[PDB]
Amino acid sequence: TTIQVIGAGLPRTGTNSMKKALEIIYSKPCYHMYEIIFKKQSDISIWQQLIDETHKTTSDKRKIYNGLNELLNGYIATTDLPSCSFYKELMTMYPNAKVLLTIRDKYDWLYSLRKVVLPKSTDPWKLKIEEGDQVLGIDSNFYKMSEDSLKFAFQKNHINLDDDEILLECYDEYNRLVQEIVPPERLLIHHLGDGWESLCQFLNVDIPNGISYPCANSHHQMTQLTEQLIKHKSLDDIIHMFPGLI
Ligand SMILES: Nc1ncnc2c1ncn2[C@@H]1O[C@H](COP(=O)(O)O)[C@@H](OP(=O)(O)O)[C@H]1O
Ligand SMILES: CC(C)NC[C@@H]1CCc2cc(CO)c([N+](=O)[O-])cc2N1
């Protein structure tokens with residue numbers, strides 16, 4: 001197995017649904033942050049080391065390529081942070097892999113990002129996220145890797161992540177740069193709600209008969225998950241309330 005599809009879209013742009021859609025198309029696993037959080041938390045330190053490598057005056061690109069290849073062994077595709085920030089490196093490693101850019105209205109994205117991925121440092125909800133994440137064993141090292149991977153996608157070192165205006169413009173700039181870098185024939189821009197048709201044509205497959213395009217990972221569902229993790233202090237005791245998600 002080798003990487004066939006590189007998902008360059010940012011978190012909260014429908015990447016979990018695209019993960020599920022690609023697993024339906026190929027019948028093989030697709031990487032996502034959920035893989036890190038719920039299956040392979042040991043990958044957190046590996047990703048951190050690759051992000052740190054990019055900060056060096058002279059980064060070891062072959063160390064990065066091998067780290068990515070090792071991380072993605074057994075996967076047919078990748079989506080979401082932190083992998084999306086490495087889409088250029090992945091394009092080089094997998095010259096035959098096609099690129100997806102999942103995209104959505106920027107104001108809806110920012111709202112979703114603030115409720116799940118990157119709340120403001122003064123937002124009381126941040127403490128609820130953290131208490132719920134402790135049930136999952138997620139600690140401060142995860143937040144550092146996640147934040148660092150987002151800054152790396154935005155190609156900025158010193159950035160005020162609490163400024164909505166700055167995030168909105170980083171969002172647009174990131175999406176614009178993907179379209180500039182990736183050749184058109186190699187890129188599909190998939191807007192939220194687009195469904196199977198464009199995706200399956202791009203990938204040279206038929207539309208899955210009788211199987212609807214996935215619709216998963218809403219911020220309402222993540223808020224409910226946080227509150228149930230805090231209330232019951234166990235993922236196993238609550239997993240039945242979130243069918244088909246993890
Ligand atoms: N088929 C679909 N149609 C419309 N929205 C979808 C969708 N699949 C996922 N989404 C939305 O995409 C966001 C999750 O993306 P990701 O998996 O990258 O984190 C959620 O937005 P909201 O948080 O606004 O509900 C989710 O509702
Ligand atoms: C339940 C909650 C309290 N924590 C678990 C959630 C699971 C979804 C999720 C997705 C991303 C990016 O897809 C990030 N991220 O980039 O940090 C964090 C989280 N966290």
# chains A, B, ... in the order shown; residues from 1 in each chain; ligands from 1
call {"tool": "select_by_dssp", "arguments": {"residues": "stretch 43-167 of chain A", "states": "alpha helix (DSSP H)", "output": "PyMOL selection string"}}
result
chain A and resi 43-55+61-71+87-93+106-116+125-135+140-153+164-167
call {"tool": "residues_around", "arguments": {"residues": "stretch 67-84 of chain A", "least_positions_apart": "2", "cutoff": "7 Å", "atoms": "only C-alpha atoms", "output": "compact mmCIF listing (two decimals) with N, CA and C atoms, in the first residue's frame"}}
result
# COMPACT_ATOMS: atom_id res chain seq x y z
N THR A 1 0.83 -1.20 0.00
CA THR A 1 0.00 0.00 0.00
C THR A 1 0.87 1.26 0.00
N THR A 2 0.43 2.26 -0.76
CA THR A 2 1.12 3.54 -0.84
C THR A 2 0.09 4.65 -0.88
N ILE A 3 0.53 5.88 -0.60
CA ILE A 3 -0.38 7.02 -0.53
C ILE A 3 -0.86 7.36 -1.93
N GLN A 4 -2.18 7.33 -2.12
CA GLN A 4 -2.82 7.65 -3.38
C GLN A 4 -3.47 9.03 -3.39
N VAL A 5 -3.89 9.52 -2.23
CA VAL A 5 -4.60 10.80 -2.12
C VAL A 5 -4.02 11.58 -0.95
N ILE A 6 -3.68 12.84 -1.19
CA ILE A 6 -3.14 13.75 -0.18
C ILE A 6 -4.22 14.78 0.11
N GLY A 7 -4.74 14.77 1.33
CA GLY A 7 -5.72 15.76 1.74
C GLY A 7 -5.06 16.99 2.32
N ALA A 8 -5.11 18.10 1.59
CA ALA A 8 -4.47 19.34 2.02
C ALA A 8 -5.42 20.27 2.78
N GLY A 9 -6.70 19.92 2.89
CA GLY A 9 -7.64 20.80 3.56
C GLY A 9 -7.37 20.90 5.05
N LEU A 10 -7.70 22.07 5.60
CA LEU A 10 -7.44 22.36 7.00
C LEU A 10 -8.46 21.66 7.90
N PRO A 11 -8.16 21.55 9.19
CA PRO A 11 -9.14 20.97 10.12
C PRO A 11 -10.44 21.76 10.11
N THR A 15 -12.78 17.02 6.90
CA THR A 15 -11.73 16.04 6.69
C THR A 15 -12.10 14.66 7.23
N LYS A 19 -12.08 11.41 5.10
CA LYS A 19 -11.44 10.19 5.57
C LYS A 19 -12.36 8.99 5.35
N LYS A 28 -9.29 0.71 2.36
CA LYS A 28 -8.03 0.72 3.09
C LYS A 28 -7.99 1.98 3.96
N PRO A 29 -7.16 1.99 4.99
CA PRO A 29 -7.23 3.08 5.98
C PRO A 29 -6.73 4.42 5.46
N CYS A 30 -7.31 5.48 6.01
CA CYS A 30 -6.93 6.86 5.70
C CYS A 30 -6.57 7.56 7.00
N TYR A 31 -5.46 8.28 7.00
CA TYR A 31 -4.97 8.95 8.20
C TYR A 31 -5.82 10.18 8.51
N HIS A 32 -5.81 10.57 9.78
CA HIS A 32 -6.61 11.69 10.29
C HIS A 32 -6.19 11.92 11.73
N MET A 33 -6.53 13.09 12.27
CA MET A 33 -6.21 13.35 13.67
C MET A 33 -6.86 12.32 14.58
N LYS A 63 15.18 13.09 6.45
CA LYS A 63 14.64 12.68 7.74
C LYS A 63 13.13 12.89 7.77
N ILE A 64 12.66 13.99 7.20
CA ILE A 64 11.23 14.28 7.16
C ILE A 64 10.52 13.27 6.26
N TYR A 65 11.06 13.03 5.07
CA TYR A 65 10.43 12.08 4.14
C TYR A 65 10.30 10.70 4.77
N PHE A 86 2.06 19.15 5.71
CA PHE A 86 3.16 18.58 4.96
C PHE A 86 2.77 18.20 3.53
N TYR A 87 1.75 18.85 2.96
CA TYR A 87 1.26 18.40 1.66
C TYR A 87 2.31 18.55 0.57
N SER A 146 -0.38 20.03 17.91
CA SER A 146 -1.49 20.53 17.10
C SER A 146 -1.29 22.00 16.75
N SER A 149 1.63 22.41 14.34
CA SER A 149 1.32 21.99 12.98
C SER A 149 0.46 23.03 12.27
call {"tool": "select_by_dssp", "arguments": {"residues": "stretch 143-211 of chain A", "states": "strand (DSSP E)", "output": "list in words"}}
result
residues 187, 188, 189, 190 and 191 of chain A
call {"tool": "residues_near_ligand", "arguments": {"ligand": "ligand 2", "cutoff": "7 Å", "atoms": "only C-alpha atoms and all ligand atoms", "output": "mmCIF file with N, CA and C atoms, in the first residue's frame"}}
result
data_model
loop_
_atom_site.group_PDB
_atom_site.id
_atom_site.type_symbol
_atom_site.label_atom_id
_atom_site.label_comp_id
_atom_site.auth_asym_id
_atom_site.auth_seq_id
_atom_site.Cartn_x
_atom_site.Cartn_y
_atom_site.Cartn_z
ATOM 1 N N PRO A 11 -8.164 21.549 9.195
ATOM 2 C CA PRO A 11 -9.142 20.966 10.117
ATOM 3 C C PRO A 11 -10.442 21.755 10.107
ATOM 4 N N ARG A 12 -11.543 21.033 10.319
ATOM 5 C CA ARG A 12 -12.892 21.597 10.344
ATOM 6 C C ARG A 12 -13.389 21.995 8.953
ATOM 7 N N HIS A 32 -5.814 10.570 9.783
ATOM 8 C CA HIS A 32 -6.609 11.685 10.288
ATOM 9 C C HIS A 32 -6.187 11.919 11.730
ATOM 10 N N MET A 33 -6.530 13.092 12.268
ATOM 11 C CA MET A 33 -6.211 13.349 13.669
ATOM 12 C C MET A 33 -6.861 12.318 14.583
ATOM 13 N N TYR A 34 -8.046 11.825 14.215
ATOM 14 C CA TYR A 34 -8.708 10.792 15.004
ATOM 15 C C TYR A 34 -7.813 9.569 15.171
ATOM 16 N N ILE A 37 -5.549 10.565 18.058
ATOM 17 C CA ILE A 37 -6.201 10.753 19.351
ATOM 18 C C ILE A 37 -6.711 9.425 19.892
ATOM 19 N N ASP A 80 -6.406 16.072 7.185
ATOM 20 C CA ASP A 80 -6.455 16.776 8.462
ATOM 21 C C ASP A 80 -5.066 17.163 8.955
ATOM 22 N N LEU A 81 -5.015 17.985 9.997
ATOM 23 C CA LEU A 81 -3.783 18.201 10.738
ATOM 24 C C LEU A 81 -3.392 16.891 11.397
ATOM 25 N N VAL A 116 -13.562 23.504 18.787
ATOM 26 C CA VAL A 116 -13.039 22.141 18.819
ATOM 27 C C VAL A 116 -11.517 22.128 18.903
ATOM 28 N N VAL A 117 -10.861 22.893 18.038
ATOM 29 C CA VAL A 117 -9.429 22.746 17.795
ATOM 30 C C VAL A 117 -8.614 23.828 18.489
ATOM 31 N N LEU A 118 -9.048 25.081 18.398
ATOM 32 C CA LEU A 118 -8.230 26.219 18.818
ATOM 33 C C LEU A 118 -9.117 27.284 19.444
ATOM 34 N N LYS A 128 -12.861 23.055 29.576
ATOM 35 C CA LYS A 128 -13.697 21.870 29.407
ATOM 36 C C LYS A 128 -13.074 20.907 28.408
ATOM 37 N N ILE A 129 -12.557 21.430 27.294
ATOM 38 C CA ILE A 129 -11.832 20.591 26.343
ATOM 39 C C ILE A 129 -10.722 19.837 27.060
ATOM 40 N N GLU A 130 -9.947 20.550 27.879
ATOM 41 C CA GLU A 130 -8.801 19.932 28.537
ATOM 42 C C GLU A 130 -9.231 18.857 29.531
ATOM 43 N N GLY A 132 -11.971 17.068 29.430
ATOM 44 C CA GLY A 132 -12.438 15.932 28.654
ATOM 45 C C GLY A 132 -11.300 15.192 27.978
ATOM 46 N N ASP A 133 -10.298 15.930 27.496
ATOM 47 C CA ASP A 133 -9.148 15.297 26.862
ATOM 48 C C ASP A 133 -8.342 14.468 27.855
ATOM 49 N N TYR A 143 -1.517 19.378 22.531
ATOM 50 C CA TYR A 143 -1.858 20.745 22.151
ATOM 51 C C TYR A 143 -0.678 21.453 21.500
ATOM 52 N N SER A 146 -0.379 20.034 17.914
ATOM 53 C CA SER A 146 -1.485 20.529 17.101
ATOM 54 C C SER A 146 -1.291 21.998 16.753
ATOM 55 N N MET A 222 -18.914 17.206 18.951
ATOM 56 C CA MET A 222 -17.711 17.324 19.768
ATOM 57 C C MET A 222 -18.021 17.947 21.123
ATOM 58 N N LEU A 225 -19.527 15.227 23.095
ATOM 59 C CA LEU A 225 -18.496 14.276 23.497
ATOM 60 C C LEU A 225 -17.696 14.804 24.681
ATOM 61 N N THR A 226 -17.340 16.090 24.655
ATOM 62 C CA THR A 226 -16.601 16.684 25.766
ATOM 63 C C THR A 226 -17.392 16.572 27.063
#
call {"tool": "residues_near_ligand", "arguments": {"ligand": "ligand 1", "cutoff": "8 Å", "atoms": "only C-alpha atoms and all ligand atoms", "output": "JSON, numbers by chain"}}
result
{"A": [9, 10, 11, 12, 13, 14, 15, 16, 17, 18, 80, 108, 109, 111, 112, 113, 115, 116, 192, 193, 194, 195, 213, 214, 215, 216, 217, 218, 219, 220, 221]}
call {"tool": "write_last_selection", "arguments": {"atoms": "N, CA, C and O atoms", "output": "compact mmCIF listing (two decimals), in the first residue's frame"}}
result
# COMPACT_ATOMS: atom_id res chain seq x y z
N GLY A 9 -6.70 19.92 2.89
CA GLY A 9 -7.64 20.80 3.56
C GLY A 9 -7.37 20.90 5.05
O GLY A 9 -6.90 19.97 5.69
N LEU A 10 -7.70 22.07 5.60
CA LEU A 10 -7.44 22.36 7.00
C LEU A 10 -8.46 21.66 7.90
O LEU A 10 -9.51 21.22 7.44
N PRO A 11 -8.16 21.55 9.19
CA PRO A 11 -9.14 20.97 10.12
C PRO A 11 -10.44 21.76 10.11
O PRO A 11 -10.46 22.97 9.91
N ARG A 12 -11.54 21.03 10.32
CA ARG A 12 -12.89 21.60 10.34
C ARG A 12 -13.39 22.00 8.95
O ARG A 12 -14.26 22.86 8.83
N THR A 13 -12.86 21.36 7.91
CA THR A 13 -13.33 21.55 6.54
C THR A 13 -13.96 20.28 5.97
O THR A 13 -14.09 20.15 4.75
N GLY A 14 -14.35 19.35 6.83
CA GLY A 14 -14.92 18.09 6.38
C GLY A 14 -13.90 16.99 6.18
O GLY A 14 -14.13 16.09 5.36
N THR A 15 -12.78 17.02 6.90
CA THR A 15 -11.73 16.04 6.69
C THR A 15 -12.10 14.66 7.23
O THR A 15 -11.71 13.65 6.64
N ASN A 16 -12.85 14.60 8.33
CA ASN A 16 -13.24 13.29 8.85
C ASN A 16 -14.20 12.59 7.90
O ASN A 16 -14.11 11.38 7.69
N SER A 17 -15.14 13.34 7.32
CA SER A 17 -16.02 12.77 6.31
C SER A 17 -15.24 12.33 5.08
O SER A 17 -15.52 11.27 4.50
N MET A 18 -14.24 13.12 4.67
CA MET A 18 -13.41 12.73 3.53
C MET A 18 -12.58 11.50 3.87
O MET A 18 -12.38 10.63 3.01
N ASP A 80 -6.41 16.07 7.19
CA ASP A 80 -6.45 16.78 8.46
C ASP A 80 -5.07 17.16 8.95
O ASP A 80 -4.05 16.74 8.39
N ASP A 108 -17.82 30.14 8.90
CA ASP A 108 -18.22 28.88 9.50
C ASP A 108 -17.01 28.10 9.98
O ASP A 108 -17.04 27.47 11.05
N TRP A 109 -15.92 28.12 9.20
CA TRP A 109 -14.71 27.40 9.59
C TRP A 109 -14.16 27.94 10.91
O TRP A 109 -13.91 27.19 11.85
N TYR A 111 -15.58 29.56 13.27
CA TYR A 111 -16.45 29.22 14.38
C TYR A 111 -16.22 27.78 14.82
O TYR A 111 -16.05 27.50 16.01
N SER A 112 -16.19 26.86 13.86
CA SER A 112 -15.94 25.46 14.16
C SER A 112 -14.57 25.26 14.79
O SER A 112 -14.42 24.51 15.75
N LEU A 113 -13.55 25.96 14.27
CA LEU A 113 -12.20 25.82 14.81
C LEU A 113 -12.15 26.24 16.27
O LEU A 113 -11.50 25.59 17.10
N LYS A 115 -14.45 26.12 18.50
CA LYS A 115 -15.19 25.25 19.41
C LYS A 115 -14.53 23.89 19.62
O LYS A 115 -14.90 23.19 20.56
N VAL A 116 -13.56 23.50 18.79
CA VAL A 116 -13.04 22.14 18.82
C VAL A 116 -11.52 22.13 18.90
O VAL A 116 -10.94 21.42 19.74
N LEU A 192 -17.79 21.82 0.97
CA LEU A 192 -18.67 21.11 1.89
C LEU A 192 -20.04 20.92 1.25
O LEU A 192 -20.65 21.88 0.75
N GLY A 193 -20.51 19.68 1.24
CA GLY A 193 -21.76 19.33 0.60
C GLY A 193 -21.64 18.86 -0.83
O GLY A 193 -22.67 18.54 -1.45
N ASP A 194 -20.43 18.78 -1.39
CA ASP A 194 -20.27 18.44 -2.80
C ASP A 194 -20.59 16.97 -3.06
O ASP A 194 -21.13 16.63 -4.12
N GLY A 195 -20.24 16.08 -2.14
CA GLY A 195 -20.64 14.69 -2.27
C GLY A 195 -19.70 13.86 -3.14
O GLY A 195 -18.53 14.18 -3.35
N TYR A 213 -22.81 9.93 0.98
CA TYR A 213 -21.55 10.56 1.36
C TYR A 213 -21.55 10.83 2.86
O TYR A 213 -22.55 11.31 3.41
N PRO A 214 -20.44 10.55 3.56
CA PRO A 214 -20.44 10.71 5.02
C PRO A 214 -20.69 12.14 5.47
O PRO A 214 -20.37 13.10 4.77
N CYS A 215 -21.26 12.27 6.67
CA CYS A 215 -21.54 13.56 7.30
C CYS A 215 -21.27 13.36 8.78
O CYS A 215 -22.14 12.89 9.52
N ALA A 216 -20.05 13.69 9.22
CA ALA A 216 -19.59 13.36 10.55
C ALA A 216 -18.77 14.49 11.14
O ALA A 216 -18.25 15.35 10.43
N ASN A 217 -18.66 14.48 12.48
CA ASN A 217 -17.70 15.30 13.21
C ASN A 217 -18.15 16.75 13.35
O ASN A 217 -17.32 17.67 13.25
N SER A 218 -19.43 16.99 13.60
CA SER A 218 -19.91 18.35 13.80
C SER A 218 -19.44 18.88 15.15
O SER A 218 -19.11 18.12 16.07
N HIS A 219 -19.41 20.21 15.28
CA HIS A 219 -19.00 20.78 16.56
C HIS A 219 -20.03 20.49 17.65
O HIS A 219 -19.67 20.38 18.82
N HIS A 220 -21.30 20.34 17.27
CA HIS A 220 -22.31 19.90 18.23
C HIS A 220 -21.96 18.53 18.79
O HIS A 220 -22.11 18.28 19.99
N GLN A 221 -21.48 17.63 17.93
CA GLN A 221 -21.11 16.29 18.39
C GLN A 221 -19.88 16.34 19.28
O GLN A 221 -19.79 15.61 20.27
call {"tool": "residues_around", "arguments": {"residues": "residue A:44", "least_positions_apart": "6", "cutoff": "7 Å", "atoms": "only C-alpha atoms", "output": "PyMOL selection string"}}
result
chain A and resi 36+142+145
call {"tool": "write_last_selection", "arguments": {"atoms": "N, CA and C atoms", "output": "PDB file, in the first residue's frame"}}
result
ATOM      1  N   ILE A  36      -4.609   9.612  15.538  1.00  0.00           N
ATOM      2  CA  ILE A  36      -3.684   9.958  16.611  1.00  0.00           C
ATOM      3  C   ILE A  36      -4.390   9.913  17.960  1.00  0.00           C
ATOM      4  N   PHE A 142       0.077  17.125  23.236  1.00  0.00           N
ATOM      5  CA  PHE A 142      -0.804  17.089  22.075  1.00  0.00           C
ATOM      6  C   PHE A 142      -1.137  18.497  21.602  1.00  0.00           C
ATOM      7  N   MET A 145       1.794  19.999  19.701  1.00  0.00           N
ATOM      8  CA  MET A 145       1.956  19.471  18.352  1.00  0.00           C
ATOM      9  C   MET A 145       0.864  19.999  17.429  1.00  0.00           C
TER      10      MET A 145
END
call {"tool": "closest_residue", "arguments": {"among": "A:141, A:196, A:189, A:228", "to": "residue A:211", "atoms": "only C-alpha atoms"}}
result
A:196
call {"tool": "atom_distance", "arguments": {"atom1": "atom CA of residue A:159", "atom2": "atom CA of residue A:91"}}
result
26.7 Å
call {"tool": "closest_residue", "arguments": {"among": "A:38, A:202, A:174, A:154", "to": "residue A:186", "atoms": "only C-alpha atoms"}}
result
A:202
call {"tool": "closest_residue", "arguments": {"among": "A:127, A:100, A:239, A:178", "to": "residue A:190", "atoms": "only C-alpha atoms"}}
result
A:100
call {"tool": "atom_distance", "arguments": {"atom1": "atom CA of residue A:88", "atom2": "atom CA of residue A:162"}}
result
27.0 Å
call {"tool": "atom_distance", "arguments": {"atom1": "atom CA of residue A:102", "atom2": "atom CA of residue A:85"}}
result
13.5 Å
call {"tool": "closest_residue", "arguments": {"among": "A:60, A:131, A:172, A:147", "to": "residue A:106", "atoms": "only C-alpha atoms"}}
result
A:172
